[PDB]
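A.B. asks: Enclosed are the sequence and the experimentally obtained structure.
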Amino acid sequence: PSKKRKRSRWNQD
Amino acid sequence: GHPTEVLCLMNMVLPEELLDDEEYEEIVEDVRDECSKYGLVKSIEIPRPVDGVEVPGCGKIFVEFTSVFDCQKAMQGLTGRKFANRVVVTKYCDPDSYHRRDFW
């Protein structure tokens, strides 16, 4: 999973 | 509103991101692992404007699902969310036009 950028998708609920 | 088979997700990407090698591939990965968290996903198609070759409309990704069940539960959590700092609009897409690739 990923390679450079961190996982920060879907942020509201 | 009505389940079909394919799930479309827009207003969550930008050409300024789908123009780099690692950047564009980055979203493809996260989007794949995300859609494949509620069930199974046949495949995914993401625009890739060549130095701005397909910018016109760019910023709309779609995912080919396998079961409408996991599809329903899919958007039921990633709808109106925020891929980064903007709301994501999810609209059930039909396998018809989908395969037609009216976008890219």
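C.D. replies: Cool, the structure landed. Numbering: from 1, shown residues only, chains lettered A, B, ... in the order given.
A.B. asks: When you work out contacts or count neighbours from here on, use the C-alpha atoms and nothing else.
C.D. replies: OK.
A.B. asks: Around chain A, which positions in chain B sit nearby?
C.D. replies: Within chain B, the residues that sit near chain A (C-alpha under 8 Å from any C-alpha of the partner chain) are B:26, B:29-30, B:33, B:78, B:80-85.
A.B. asks: Would you agree residue A:8 is in contact with residue B:83?
C.D. replies: Yes. Contact criterion C-alpha atoms under 8 Å: residue A:8 and residue B:83 qualify, at 7.4 Å.
A.B. asks: Which one's more surrounded, these two?
C.D. replies: Shown here are residue A:8 and residue B:83; by other C-alpha atoms under 10 Å in any protein chain shown, residue B:83 has more neighbours (20 against 10).
A.B. asks: Let's verify residue B:42: helix, strand, or coil?
C.D. replies: At residue B:42 the chain is in strand, as set by DSSP: H, G, I helix; E, B strand; the rest coil.
A.B. asks: Report how many residues lie close to it.
C.D. replies: 12.
A.B. asks: Could you report the distance from it to residue B:58?
C.D. replies: Separation of residue B:42 from residue B:58 (C-alpha to C-alpha, to the nearest Å) stands at 22 Å.
A.B. asks: Distance of residue B:1 relative to chain A?
C.D. replies: 21 Å (C-alpha to the nearest C-alpha, to the nearest Å).
A.B. asks: and if you look at residue B:19?
C.D. replies: Residue B:19 sits at a distance of 16 Å from chain A (criterion: C-alpha to the nearest C-alpha).
A.B. asks: which ones are touching residue 8?
C.D. replies: Went with chain A since none was named. By C-alpha atoms under 8 Å, 6 or more residues apart in numbering or on different chains, the contact list for residue A:8 reads B:83-84.
A.B. asks: The intended chain is chain B.
C.D. replies: Going by C-alpha under 8 Å, 6+ apart, residue B:8 touches B:60-63, B:90-93.
A.B. asks: interface residues of chain A facing chain B?
C.D. replies: Counting by C-alpha under 8 Å from any C-alpha, the residues of chain A near chain B are A:1-3, A:5, A:7-13.
A.B. asks: Filter those residues down to just the buried residues.
C.D. replies: A:9-10 (16 or more other C-alpha atoms under 10 Å in any protein chain shown).
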